[PDB]
Every structure is written in C-alpha cells, then in structure tokens.
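# Architecture at a glance
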Amino acid sequence: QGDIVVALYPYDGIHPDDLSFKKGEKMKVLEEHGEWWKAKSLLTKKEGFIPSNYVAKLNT
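Residues numbered from 1 in each chain as written, not as in the entry; some residues may be left out. Heavy atoms only, no water.

### Topic: the nonpolar core
Stated precisely, the cut-off is as follows: For this analysis, a nonpolar core means a set of buried residues of the types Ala, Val, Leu, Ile, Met, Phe, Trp, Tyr and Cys, connected via side-chain atoms within 4.5 Å. Here's how the labels work: a residue is buried when its accessible area is under 20% of the maximum for its type, exposed when over 50%, partly exposed in between, all with a 1.4 Å probe on protein chains only. Each helix is a run of H or I in the DSSP string that is no shorter than four residues. Each strand is a run of E no shorter than two, and both are numbered from the N terminus. Two residues qualify as a contact provided that any one of their heavy atoms is within 4.5 Å of a heavy atom in the partner residue.
Judged by nonpolar contacts, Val5, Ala7, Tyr11, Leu19, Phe21, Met27, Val29, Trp37, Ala39, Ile50 and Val55 together constitute the single largest core of eleven residues. When residues of this core are traced back to their parent elements, those giving at least two are β1 (3-7), β2 (26-32) and β3 (36-41). For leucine 19, the residues in contact, after removing those within four places along its chain, are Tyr11, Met27, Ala39, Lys46, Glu47, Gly48, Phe49 and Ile50.

Pasting the structure below:
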C-alpha cells in the first residue's frame with residue numbers, strides 16, 4: 001500500500017540507489033525488503049534505498 005516515514009537523520013546518497021533525505025524531511029516507501037526499503041522524497045520526488053534505522057513514522 002505504501003507507508004509514510006519521516007527522515008529522522010540526514011542521509012547523503014552514498015550509494016547508487018540510496019535516496020538522500022534530510023532530517024525533518026518526509027519519505028514514502030514503495031516497497032519493503034525486510035530491514036531495507038526504497039522510499040521517495042516528497043520534496044524532489046527522488047526515490048532510493050533507505051535503512052530501517054534512519055527514518056520512521058512521524059517524529060517532530
């Protein structure tokens with residue numbers, strides 16, 4: 001269905017598919033792969049891979 005998560009910690013695309021997100025930023029996951037999923041930035045609509053320990057549901 002697609003879950004919405006908010007960047008809890010800034011991420012600078014260090015990988016080829018890792019999507020970069022900045023704390024306070026919101027992201028949506030289009031697919032879950034266990035501990036890793038691919039989300040997209042509502043700001044630049046960019047999509048990449050995000051860890052399940054840097055982003056979460058809501059926050060501030």
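### Concerning the environment of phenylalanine 49
When you line up the elements, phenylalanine 49 lands in strand β4 (residues 47-51). Classification of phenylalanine 49 as partly exposed rests on a relative accessible area of 22%. For the pair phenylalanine 49 and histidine 15, spaced 34 residues apart in the sequence, the C-alpha separation amounts to 8.5 Å. Residues in contact with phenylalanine 49, not counting those within four places in the same chain, are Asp17, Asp18, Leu19, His33, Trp36, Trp37 and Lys38.

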